[PDB]
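Q: The following block contains the structure, expressed as structure tokens.
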Amino acid sequence: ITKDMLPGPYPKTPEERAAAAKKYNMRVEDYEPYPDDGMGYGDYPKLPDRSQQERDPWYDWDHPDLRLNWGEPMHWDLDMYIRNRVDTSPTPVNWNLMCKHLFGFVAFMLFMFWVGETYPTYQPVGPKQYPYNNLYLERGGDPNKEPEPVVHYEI
Amino acid sequence: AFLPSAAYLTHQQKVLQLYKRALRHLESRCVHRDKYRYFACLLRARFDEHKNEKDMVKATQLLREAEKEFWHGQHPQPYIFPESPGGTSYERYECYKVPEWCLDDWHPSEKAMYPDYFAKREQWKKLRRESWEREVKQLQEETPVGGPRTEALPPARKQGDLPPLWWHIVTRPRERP
Amino acid sequence: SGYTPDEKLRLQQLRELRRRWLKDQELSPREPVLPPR
Amino acid sequence: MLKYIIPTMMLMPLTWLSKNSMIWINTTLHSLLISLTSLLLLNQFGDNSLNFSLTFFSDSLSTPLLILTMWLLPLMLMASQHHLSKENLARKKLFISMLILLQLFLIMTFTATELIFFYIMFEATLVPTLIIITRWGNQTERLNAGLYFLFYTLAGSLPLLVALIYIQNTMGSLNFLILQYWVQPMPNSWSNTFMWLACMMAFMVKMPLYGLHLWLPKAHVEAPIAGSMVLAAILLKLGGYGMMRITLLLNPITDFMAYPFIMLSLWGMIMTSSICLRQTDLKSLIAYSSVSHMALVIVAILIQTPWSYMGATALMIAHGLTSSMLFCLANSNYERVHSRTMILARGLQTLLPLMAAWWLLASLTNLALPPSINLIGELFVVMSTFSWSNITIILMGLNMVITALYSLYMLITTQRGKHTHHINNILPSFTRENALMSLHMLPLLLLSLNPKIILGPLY
Amino acid sequence: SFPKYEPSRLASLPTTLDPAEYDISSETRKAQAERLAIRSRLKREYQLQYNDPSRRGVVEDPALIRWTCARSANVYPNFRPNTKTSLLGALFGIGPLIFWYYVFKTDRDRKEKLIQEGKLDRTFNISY
Amino acid sequence: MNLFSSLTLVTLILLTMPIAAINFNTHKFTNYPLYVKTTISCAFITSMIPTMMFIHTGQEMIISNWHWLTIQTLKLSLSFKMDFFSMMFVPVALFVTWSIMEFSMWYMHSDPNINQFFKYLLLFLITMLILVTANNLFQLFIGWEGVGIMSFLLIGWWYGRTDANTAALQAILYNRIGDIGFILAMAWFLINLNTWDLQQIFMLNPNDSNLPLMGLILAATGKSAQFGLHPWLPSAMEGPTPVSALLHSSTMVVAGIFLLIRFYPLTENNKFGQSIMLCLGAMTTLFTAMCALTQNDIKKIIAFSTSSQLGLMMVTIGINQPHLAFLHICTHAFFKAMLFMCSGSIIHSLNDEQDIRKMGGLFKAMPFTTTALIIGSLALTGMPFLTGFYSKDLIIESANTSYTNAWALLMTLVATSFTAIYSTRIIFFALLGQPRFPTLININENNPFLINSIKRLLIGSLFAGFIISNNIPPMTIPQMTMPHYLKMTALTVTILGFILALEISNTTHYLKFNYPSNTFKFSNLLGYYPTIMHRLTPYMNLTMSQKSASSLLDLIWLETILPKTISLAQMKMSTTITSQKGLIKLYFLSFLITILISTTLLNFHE
Ligand SMILES: CCCCCCCCCCCCCCCCCC(=O)OC[C@H](COP(=O)([O-])OC[C@H](O)COP(=O)([O-])OC[C@H](COC(=O)CCCCCCCCCCCCCCCCC)OC(=O)CCCCCCCCCCCCCCCCC)OC(=O)CCCCCCCCCCCCCCCCC
Ligand SMILES: CCCCCCCCCCCCCCCCCC(=O)OC[C@H](COP(=O)([O-])OCC[N+](C)(C)C)OC(=O)CCCCCCCCCCCCCCCCC
Ligand SMILES: CCCCCCCCCCCCCCCCCC(=O)OC[C@H](COP(=O)([O-])OCC[N+](C)(C)C)OC(=O)CCCCCCCCCCCCCCCCC
Ligand SMILES: CCCCCCCCCCCCCCCCCC(=O)OC[C@H](COP(=O)(O)OCCN)OC(=O)CCCCCCCCCCCCCCCCC
């Protein structure tokens with residue numbers, strides 16, 4: 001490895017763009033860098049932001065675990081778009097429809113738990129009755145004090 | 001699209017890949033074999049109707065809206081074979097696929113445990129290191145200027161010469177080590 | 001269409017070499033030669 | 001403390017008069033004997049610190065750092081003898097002399113009874129570390145990394161010199177034992193605000209604080225392995241030691257001067273763990289993990305409760321052992337693939353199973369698996385920061401989630417998956433490498449049995 | 001007819017539904033042939049070193065070294081302090097610090113006011 | 001006293017002895033899996049005696065045998081709580097683990113790392129019995145994190161597989177999110193009650209226990225796969241089948257439920273925490289049993305089954321019935337471990353096939369697996385007087401007859417119907433009908449390891465509910481008077497579920513094709529939650545982690561403000577000093593300007 005195989009500053013002339021596209025081993029027409037807003041990408045290519053899950057699993061890759069080839073320009077977020085991580089693959093349902101159905105289901109279930117909390121079910125009985133003034137000494141009541149007499153009657 | 005040999009997919013290949021994906025997702029939808037067999041013959045009829053279509057624009061349009069048909073009518077969890085990618089047993093045994101060069105780093109007391117295996121391995125290593133320079137000069141004389149156009153490898157042409165770049169295809173590990 | 005003749009010849013030669021490799025992967029009847037326990 | 005200073009100086013004629021094939025074995029043997037002898041410092045008492053002379057003493061804070069320091073030298077000699085095998089004999093003896101001399105400075109840095117002696121030894125520890133990084137570092141960036149390592153520390157510490165000489169002129173002494181009884185309250189003024197900054201910012205750089213940590217993922221990466229071991233295991237803990245001494249004098253002004261630095265460290269333990277989630281360099285991942293772990297020690301010293309000091313000294317010892325072992329595991333792969341890129345060598349459990357067991361145990365101690373002293377220090381810091389404010393449990397728990405994530409991501413990336421096909425120089429694990437891993441891990445696991453000797457002066 | 005698939009950032013558009021896949025024009029054929037040629041030449045350059053009996057080491061990828069040098073070592077020389085970077089450095093750099101500062105300061109002022117009034121129940125709290 | 005405590009500690013030390021055996025080895029073992037299976041059988045035998053002499057008297061004790069540490073007022077001891085919960089869970093877990101390991105000697109036979117697998121499985125058992133017998137929160141945290149780490153090591157068993165590593169890291173992620181609340185609870189109890197011991201927690205008995213119970217509910221949400229923190233458990237089927245059967249059906253996943261039952265004297269006095277647990281458990285048992293209706297992988301259906309039963313356990317904790325919940329743990333263990341073992345027998349006999357759409361006709365080709373799978377499905381749905389009846393029927397008859405969230409009760413009953421629907425989905429596609437598997441029939445269930453391992457849990461699934469329900473003492477007052485539509489709720493709703501799913505499954509033979517409804521795509525894609533959140537939250541975290549944290553702060557701005565600007569300023573001042581032209585005229589003219597400034601402007605002559 002040497003100097004003119006390392007990334008450089010943002011390309012401005014078309015021959016600097018062609019030299020960078022040769023450097024990253026890809027076509028000049030397919031080479032797009034990140035836009036020069038000063039964020040610090042240099043001449044590094046903006047690859048189309050796909051996970052490695054979308055790569056062809058039947059192709060004989062140079063790195064079969066990564067679905068990546070030798071000499072291929074890696075994505076900037078290759079550590080992020082591994083198959084152990086963020087997947088961008090096409091989903092059988094639309095993304096917005098998934099988000100609407102999941103948010104509506106969670107919100108409806110929380111609203112109905114709140115309604116059922118506001119309107120609780122119970123049984124047609126009185127409170128459970130206990131001897132010895134609703135169990136005063138058993139519930140940790142001090143014996144120096146004397147509670148009010150809680151008397152329960154037969155029915 | 002993406003192939004090692006070709007640079008693209010033909011229209012006929014796209015239609016066949018659509019037909020196979022449609023039968024597999026239909027089999028996922030149509031679990032029982034007689035019912036799948038019925039609807040698979042119906043799908044074969046739907047592909048045989050526009051089969052003899054010589055207008056490439058009309059065939060391309062029918063292929064495109066047939067892909068929209070397939071996308072609207074795909075099974076969300078289709079049947080995947082277990083060793084197929086996505087399947088429940090895919091790349092399971094890759095932790096047991098130790099490469100061949102790890103045998104070179106064994107201690108001689110465990111190479112003495114298998115005398116005939118390593119004695120038969122040394123002639124493979126010998127055969128490879130005599131085949132190597134001939135297969136390199138085979139590749140450099142057949143590949144055109146500017147590098148190879150496709151990823152296809154040429155076979156061996158003489159007798160006694162091995163095919164070029166054969167070692168990591170032949171000495172790959174098994175599927176159940 | 002299927003393979004080219006070059007591809008079939010290469011698959012045939014690689015198949016022969018692969019089957020020789022896998023047949024050499026068998027054990028001997030004397031192997032594993034163990035040290036005395 | 002002179003019975004440890006004199007054999008460490010006698011390691012210099014022991015490394016310069018040794019036979020040319022014997023200079024690793026002799027220094028390893030006699031530094032192991034010094035490390036055996038280090039356990040006499042466990043003569044600690046519940047009321048009094050072990051006070052040797054007018055110059056040296058050792059309470060229960062300096063004692064575990066001393067035993068870890070005297071234990072780290074043979075392990076640095078074991079780690080650094082393979083990549084310095086083809087070195088000149090004189091340059092090899094110079095490397096061993098720099099290691100021995102850094103230990104010599106550290107063992108009388110932690111035992112300094114008087115604070116300007118602590119400052120002289122504390123800033124004396126720059127020079128062998130600087131020589132090790134800028135001389136036996138591997139890549140081009142070692143010179144720039146030595147510049148950052150030198151000029152953050154001196155920029156922080158030269159106000160500390162003026163602060164300590166001011167305390168010497170005001171109190172009459174910088175003896176820590178006298179200042180335990182002549183400490184006066186430090187009220188609110190701008191003079192005392194900059195007094196607090198001058199006493200604290202050097203140690204904030206040495207921990208490192210978030211925002212001032214930029215010397216560290218270049219000095220810890222561009223050093224050799226012995227430099228990385230000593231920098232991760234002892235030289236970050238010089239800052240926490242100096243904080244726990246010097247915050248005796250900074251009350252009650254610390255009770256509102258601590259807020260910006262508590263915010264910096266409570267947010268830096270989130271941000272540096274997030275940085276560890278996206279590192280391509282394995283050695284830099286361990287460097288930012290060290291920043292993430294020392295942020296909690298900074299918070300624990302700045303809230304200055306007893307549980308926080310106990311957890312901070314336990315976490316300092318635990319992180320010294322764990323980070324030294326993580327750098328040694330990273331070196332064990334770097335000596336095979338010759339690259340610090342973490343995604344390059346994959347699937348290494350298929351090739352090196354016992355070395356992958358060492359990776360597993362160091363990643364479990366990194367994520368603070370109970371009952372390790374990692375979890376003991378982590379847990380006591382979380383208890384004390386919860387008693388400080390109940391909303392810090394959100395940041396502590398989110399840090400623990402990201403810590404488990406990058407620890408097991410490191411493990412899965414280097415050890416699991418399909419192995420890299422084009423790499424075929426993966427040798428089996430040498431006995432030196434596995435012995436180095438075990439001499440890190442086995443004391444770290446045995447300290448879970450009797451953890452009271454690493455919980456500081458106020459266990 | 002059928003609901004159109006709407007692609008998202010984390011759920012991309014399929015190859016089977018992309019309108020640019022079905023192009024038969026000669027510029028797309030030459031682009032795909034040139035991409036196959038680049039991939040084939042890099043493939044050959046890899047697997048000549050990969051299948052070498054004399055090689056025992058690492059087939060070094062310059063794309064990987066180039067990626068890591070872009071990710072770490074070349075970021076600051078390609079930095080320009082401008083509007084976007086300064087507002088993202090102030091928002092993401094001192095924003096959360098100020099936020100958690102006022103949160104923990106409010107919580108601790110409230111706790112200290114309740115403690116010095118004897119209002120915070122602190123009966124069995126003796127570990128701290 | 002002397003027999004109880006001795007056999008208590010001998011059980012755990014006996015379980016630790018093969019760990020010393022596998023670590024102190026030189027040779028290749030004389031069948032180390034048989035050694036660990038025999039050890040766990042004998043540990044079951046050893047653990048039955050303190051259980052019997054608890055059933056005799058109710059004898060409980062604390063073994064605080066080893067003082068470990070004293071943090072100024074917190075004496076941390078190795079302390080073992082031998083109560084009702086330990087005495088009823090240790091033999092159930094040992095009996096189940098003994099059957100799982102005799103299943104494992106057959107299932108994991110061709111694995112060349114079988115000794116490591118049995119080592120890892122025994123380490124899970126040791127950490128789980130550390131969890132369930134602990135008396136302080138620190139040792140309980142040791143067992144907690146221990147079963148988390150062994151969950152990692154056993155999900156990612158085939159570590160070359162990307163999905164196994166991904167699901168294991170997922171499980172660690174959700175369990176550490178639960179650990180946030182666990183450590184919140186430990187922090188609250190230390191600061192406000194000065195303890196981690198359960199005894200001082202129960203005797204001080206705090207009233208403002210909203211926040212520590214919220215932390216405990218978060219810990220149980222992380223550990224027992226409740227809603228929000230559920231998707232790690234269906235992903236956790238990526239490991240081997242005995243891993244699923246032991247850990248992720250019966251033993252590990254009940255630990256958060258065991259944590260909330262363990263704090264029953266604090267949950268009985270907090271109606272807000274009971275309502276939170278009730279709503280969370282009903283949400284979980286609705287959502288996961290709704291996901292299970294349209295799944296095709298058999299282990300996913302049984303994982304959503306066990307997470308629906310965990311939601312039911314959280315419901316019956318929420319109705320102030322903790323002992324019914326623990327009875328349902330000890331009940332659920334037998335038939336759910338046996339359902340996973342029967343599914344794994346199907347997987348092995350159909351050549352690693354885990355999909356129910358490639359099964360069928362196993363009613364006669366696999367008669368014993370069919371028998372035990374039907375028995376386990378009937379015990380799962382609440383067939384009368386099997387093992388699942390004596391817990392689930394009491395749970396339904398106590399959730400009906402109580403002051404309850406009515407929507408939580410209605411979702412509990414809908415979940416009870418859904419259990420019948422997915423159980424007969426398992427029976428229909430796996431066993432009944434016609435074969436759909438490939439043509440080389442290697443169907444074989446003739447190993448005595450498989451037959452005995454299914455047989456012992458089959459005897460368990462027939463009789464354990466009866467035996468345990470007659471041996472446990474009364475701990476509450478059971479509600480046994482209710483109207484007849486309310487007594488017959490569970491059985492009627494389960495029969496309606498069976499009839500509804502018979503209609504559904506018999507309408508699968510018809511020659512109709514229907515495009516899938518949005519309800520089908522909602523239930524089939526797991527309620528969209530592992531699709532949305534597992535893409536979105538790692539996106540917003542890792543883009544932040546690179547772009548903000550790694551790039552913009554700590555390669556650009558924290559490097560720009562202190563070192564780079566100061567270096568450039570000293571560079572620029574260095575260039576201003578040394579840009580002199582060497583002219584003597586100019587230097588002396590500057591000296592004159594110096595003397596003029598010193599006189600006129602600085603008054604140094606004054
Ligand atoms: C003072 C006297 C003390 C005596 C008792 C000592 C106490 C423990 C000390 C340390 C023990 C661990 C060290 C050995 C393991 C590391 C090397 C290794 O991989 O060996 C495998 C190897 C066998 O494997 P192999 O198949 O041949 O090869 C490896 C494979 O290729 C691939 O390997 P693998 O992946 O298949 O196998 C690795 C496996 C992988 O499994 C795991 O990683 C799972 C472990 C985590 C989950 C389970 C545990 C959770 C925590 C609960 C336990 C602690 C508390 C329990 C108490 C009750 C609750 C309070 O790990 C284990 O099997 C380790 C078992 C012991 C676990 C201890 C905790 C380690 C976890 C990380 C820290 C946790 C907190 C600290 C706990 C400290 C406790 C003291 O072992 C050996 O050959 C043993 C060598 C000799 C070991 C000596 C250890 C003590 C040395 C101390 C010397 C000085 C004092 C004198 C006493 C000497 C007594 C003998
Ligand atoms: C890591 C890099 C940054 C390091 C930052 C270090 C801390 C920042 C603040 C340091 C202030 C200077 C040392 C103060 C020592 C205090 C001793 C004392 O007695 O104080 C009370 C004395 C009080 O005066 P006195 O002691 O004469 O009077 C007696 C006291 N009273 C007033 C009550 C009667 O304070 C001072 O005299 C001034 C203190 C502030 C000095 C400000 C100048 C320095 C500005 C900051 C520079 C920071 C580094 C910049 C360069 C970085 C690298 C390029
Ligand atoms: C196969 C080997 C076994 C032994 C065979 C040879 C001996 C034959 C049989 C006789 C037994 C030996 C003699 C009696 C034993 C010693 C008795 C005695 O008083 O010992 C002193 C003590 C008993 O406790 P103690 O209270 O007397 O002393 C503690 C020490 N101080 C007070 C200073 C703190 O120690 C032991 O017995 C040590 C054994 C410990 C066993 C548990 C180990 C746990 C491992 C994990 C550690 C981390 C847990 C962290 C969490 C804990 C919970 C919060
Ligand atoms: C009583 C209260 C009850 C409250 C209940 C609800 C609370 C929690 C709400 C949801 C928050 C957690 C869920 C979101 C994160 C999920 C991450 C995850 O599971 O990632 C898995 C993902 C792969 O998953 P999958 O798509 O299934 O893979 C199939 C095969 N490719 O794997 C990857 O993509 C790899 C990801 C690695 C990096 C992870 C980055 C995200 C980390 C998130 C931290 C969250 C911290 C929360 C702190 C809370 C404090 C209070």
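A note on labels: chains of the structure tokens are A, B, ... as shown, every chain counts residues from 1, and ligands are counted from 1 in their shown order.
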Could you produce a table of the residues of chain A lying within 7 Å of chain F, with the nearest pair of atoms per residue and their separation in Å rounded to one decimal, using only C-alpha atoms, ordered by chain and increasing residue number, as a tab-separated table?

A:
```
residue	atom	partner	partner_atom	distance
A:80	CA	F:542	CA	6.8
A:83	CA	F:162	CA	6.8
A:84	CA	F:166	CA	5.1
A:86	CA	F:535	CA	5.5
A:87	CA	F:535	CA	6.1
A:98	CA	F:528	CA	6.0
A:102	CA	F:528	CA	6.5
A:112	CA	F:407	CA	6.5
A:113	CA	F:407	CA	5.9
A:116	CA	F:407	CA	5.0
A:117	CA	F:405	CA	5.2
A:120	CA	F:405	CA	4.9
A:121	CA	F:406	CA	5.1
A:122	CA	F:403	CA	4.2
A:123	CA	F:401	CA	6.1
```

Q: Could you please extract the residues within 10 Å of ligand 3, counting only C-alpha atoms and all ligand atoms, and hand them back as a ChimeraX atom specification?

A: /D:370-373,376,445-452 /F:13,17,20,64-70,74-80,130,134-142,196-197

Q: Mind dumping a table of every chain D residue within 10 Å of ligand 1, with the nearest atom pair and its distance in Å to one decimal, using only C-alpha atoms and all ligand atoms, sorted by chain and rising number, as a tab-separated table?

A:
```
residue	atom	partner	partner_atom_place_in_ligand_line	distance
D:349	CA	ligand 1	32 (C)	8.7
D:350	CA	ligand 1	31 (O)	9.9
D:352	CA	ligand 1	31 (O)	7.8
D:353	CA	ligand 1	31 (O)	4.3
D:354	CA	ligand 1	31 (O)	4.1
D:355	CA	ligand 1	31 (O)	7.7
D:356	CA	ligand 1	32 (C)	6.9
D:357	CA	ligand 1	33 (O)	4.7
D:358	CA	ligand 1	19 (O)	6.4
D:359	CA	ligand 1	35 (O)	9.4
D:360	CA	ligand 1	43 (O)	6.0
D:361	CA	ligand 1	72 (C)	5.0
D:362	CA	ligand 1	72 (C)	7.5
D:363	CA	ligand 1	72 (C)	8.4
D:364	CA	ligand 1	72 (C)	5.4
D:365	CA	ligand 1	73 (C)	5.6
D:366	CA	ligand 1	73 (C)	9.4
D:367	CA	ligand 1	73 (C)	9.7
D:368	CA	ligand 1	75 (C)	7.8
D:369	CA	ligand 1	74 (C)	5.2
D:370	CA	ligand 1	75 (C)	4.7
D:371	CA	ligand 1	75 (C)	4.3
D:372	CA	ligand 1	75 (C)	3.9
D:373	CA	ligand 1	76 (C)	7.5
D:374	CA	ligand 1	75 (C)	8.3
D:375	CA	ligand 1	75 (C)	8.0
D:376	CA	ligand 1	75 (C)	9.8
D:434	CA	ligand 1	17 (C)	9.0
D:437	CA	ligand 1	17 (C)	9.0
D:438	CA	ligand 1	17 (C)	7.2
D:439	CA	ligand 1	93 (C)	9.4
D:441	CA	ligand 1	13 (C)	7.7
D:442	CA	ligand 1	10 (C)	5.6
D:443	CA	ligand 1	92 (C)	7.5
D:444	CA	ligand 1	76 (C)	7.7
D:445	CA	ligand 1	78 (C)	4.5
D:446	CA	ligand 1	80 (C)	5.5
D:447	CA	ligand 1	80 (C)	7.6
D:448	CA	ligand 1	78 (C)	5.2
D:449	CA	ligand 1	80 (C)	5.5
D:450	CA	ligand 1	1 (C)	8.9
```

Q: Find the residues near residue 74 of chain E: any atom within 12 Å, counting only C-alpha atoms, skip ones fewer than 2 places away on the same chain, and give them as a compact mmCIF listing (two decimals) with N, CA, C and O atoms, in the first residue's frame.

A:
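Output file out_9.txt follows:
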```txt
# COMPACT_ATOMS: atom_id res chain seq x y z
N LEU A 6 -4.49 5.40 -1.39
CA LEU A 6 -5.25 5.87 -0.24
C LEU A 6 -6.29 6.89 -0.67
O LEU A 6 -6.16 7.51 -1.73
N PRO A 7 -7.36 7.07 0.12
CA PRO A 7 -8.35 8.10 -0.22
C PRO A 7 -7.77 9.50 -0.14
O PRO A 7 -6.81 9.76 0.59
N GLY A 8 -8.37 10.41 -0.89
CA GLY A 8 -7.88 11.76 -0.94
C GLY A 8 -8.96 12.78 -0.67
O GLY A 8 -10.01 12.46 -0.11
N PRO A 9 -8.73 14.02 -1.07
CA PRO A 9 -9.76 15.05 -0.92
C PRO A 9 -10.88 14.91 -1.94
O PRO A 9 -10.86 14.00 -2.77
N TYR A 10 -11.86 15.80 -1.88
CA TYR A 10 -13.02 15.71 -2.76
C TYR A 10 -12.63 16.02 -4.19
O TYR A 10 -11.92 17.01 -4.43
N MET A 39 -18.27 17.19 5.63
CA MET A 39 -18.45 16.22 6.70
C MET A 39 -17.24 15.30 6.88
O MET A 39 -17.09 14.71 7.95
N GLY A 40 -16.39 15.17 5.87
CA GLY A 40 -15.17 14.41 6.02
C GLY A 40 -15.17 13.08 5.30
O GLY A 40 -14.57 12.11 5.78
N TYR A 41 -15.82 13.01 4.14
CA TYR A 41 -15.81 11.80 3.34
C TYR A 41 -14.70 11.79 2.31
O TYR A 41 -14.23 10.72 1.93
N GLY A 42 -14.27 12.96 1.85
CA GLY A 42 -13.22 13.01 0.85
C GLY A 42 -13.75 12.58 -0.50
O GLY A 42 -14.81 13.03 -0.95
N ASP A 43 -13.01 11.70 -1.16
CA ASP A 43 -13.41 11.16 -2.45
C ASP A 43 -14.03 9.78 -2.34
O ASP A 43 -14.11 9.07 -3.34
N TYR A 44 -14.47 9.38 -1.14
CA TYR A 44 -14.94 8.01 -0.96
C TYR A 44 -16.30 7.84 -1.63
O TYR A 44 -17.14 8.74 -1.55
N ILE E 65 -8.02 -1.59 3.40
CA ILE E 65 -7.13 -0.57 3.95
C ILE E 65 -7.62 0.82 3.57
O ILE E 65 -7.59 1.76 4.37
N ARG E 66 -8.13 0.95 2.34
CA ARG E 66 -8.68 2.20 1.85
C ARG E 66 -9.94 2.58 2.63
O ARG E 66 -10.14 3.76 2.96
N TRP E 67 -10.75 1.59 2.98
CA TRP E 67 -11.96 1.83 3.76
C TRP E 67 -11.65 2.26 5.18
O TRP E 67 -12.24 3.22 5.68
N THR E 68 -10.72 1.57 5.84
CA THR E 68 -10.37 1.95 7.21
C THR E 68 -9.66 3.30 7.26
O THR E 68 -9.89 4.08 8.19
N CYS E 69 -8.82 3.60 6.26
CA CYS E 69 -8.17 4.90 6.21
C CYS E 69 -9.16 6.01 5.90
O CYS E 69 -8.96 7.15 6.33
N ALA E 70 -10.23 5.71 5.16
CA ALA E 70 -11.28 6.69 4.98
C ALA E 70 -12.10 6.87 6.25
O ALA E 70 -12.49 7.99 6.59
N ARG E 71 -12.35 5.77 6.97
CA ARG E 71 -13.19 5.83 8.16
C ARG E 71 -12.51 6.55 9.32
O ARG E 71 -13.20 7.20 10.12
N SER E 72 -11.19 6.43 9.46
CA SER E 72 -10.52 7.09 10.57
C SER E 72 -9.55 8.17 10.14
O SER E 72 -9.73 9.34 10.50
N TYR E 76 -10.54 14.16 9.24
CA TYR E 76 -10.20 15.55 9.55
C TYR E 76 -9.51 16.34 8.43
O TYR E 76 -9.82 17.53 8.30
N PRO E 77 -8.59 15.79 7.62
CA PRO E 77 -8.11 16.57 6.46
C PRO E 77 -9.18 16.89 5.44
O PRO E 77 -9.02 17.83 4.66
N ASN E 78 -10.29 16.14 5.43
CA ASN E 78 -11.40 16.42 4.54
C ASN E 78 -12.53 17.15 5.25
O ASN E 78 -13.68 17.10 4.80
N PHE E 79 -12.23 17.84 6.35
CA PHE E 79 -13.21 18.59 7.11
C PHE E 79 -13.10 20.08 6.83
O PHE E 79 -11.99 20.63 6.75
N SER F 551 -17.45 10.14 14.16
CA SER F 551 -16.92 11.11 13.20
C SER F 551 -16.93 12.52 13.77
O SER F 551 -15.88 13.05 14.14
N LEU F 555 -13.66 12.77 15.99
CA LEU F 555 -12.57 12.89 15.04
C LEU F 555 -12.48 14.29 14.50
O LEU F 555 -11.50 14.63 13.83
N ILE F 556 -13.49 15.13 14.75
CA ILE F 556 -13.57 16.43 14.13
C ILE F 556 -13.63 17.53 15.18
O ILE F 556 -12.72 18.35 15.26
```

Q: Around ligand 2, which protein and nucleic acid residues have at least one atom no more than 6 Å from it, if we count only C-alpha atoms and all ligand atoms? List them as a PyMOL selection string.

A: chain D and resi 152+155-156+159+162-163+166+191-192+194-195+197-198+201

Q: Against ligand 4, which residues of chain A fall within 12 Å? For each one I want the closest pair of atoms and the distance in Å (one decimal), counting only C-alpha atoms and all ligand atoms, rows by chain and increasing residue number, as a Markdown table.

A:
```
| residue | atom | partner | partner_atom_place_in_ligand_line | distance |
| --- | --- | --- | --- | --- |
| A:51 | CA | ligand 4 | 31 (N) | 10.3 |
| A:52 | CA | ligand 4 | 31 (N) | 10.4 |
| A:53 | CA | ligand 4 | 31 (N) | 7.9 |
| A:54 | CA | ligand 4 | 31 (N) | 11.1 |
| A:79 | CA | ligand 4 | 37 (C) | 10.4 |
| A:80 | CA | ligand 4 | 37 (C) | 8.4 |
| A:81 | CA | ligand 4 | 34 (O) | 8.8 |
| A:82 | CA | ligand 4 | 34 (O) | 8.7 |
| A:83 | CA | ligand 4 | 31 (N) | 6.0 |
| A:84 | CA | ligand 4 | 35 (C) | 5.7 |
| A:85 | CA | ligand 4 | 34 (O) | 3.5 |
| A:86 | CA | ligand 4 | 34 (O) | 4.3 |
| A:87 | CA | ligand 4 | 31 (N) | 6.6 |
| A:88 | CA | ligand 4 | 26 (O) | 9.9 |
| A:89 | CA | ligand 4 | 31 (N) | 9.9 |
| A:91 | CA | ligand 4 | 26 (O) | 11.5 |
| A:106 | CA | ligand 4 | 6 (C) | 11.3 |
```

Q: Please check the contacts: residues of chain D at most 9 Å away from chain B, using only C-alpha atoms, listed as a list in words.

A: residues 347, 349, 350, 351, 416, 417, 418, 419, 421, 424, 426, 427 and 428 of chain D

Q: Within 8 Å of chain E, which residues belong to chain D? Use only C-alpha atoms and report them as JSON, numbers by chain.

A: {"D": [259, 260, 263, 264, 267, 280, 281, 305, 306, 307, 337, 341, 383, 384, 387, 388, 389, 391, 422, 423, 424, 425]}

Q: What are the residues of chain A lining chain D at 10 Å or less? Count only C-alpha atoms, and put the answer as a ChimeraX atom specification.

A: /A:62-66,70,77-80,84

Q: Taking into account only C-alpha atoms, which residue in the set A:128, A:101, A:22, A:152 is nearest to chain E?

A: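 Going through A:128, A:101, A:22, A:152 one by one, the smallest distance to chain E is for A:22.
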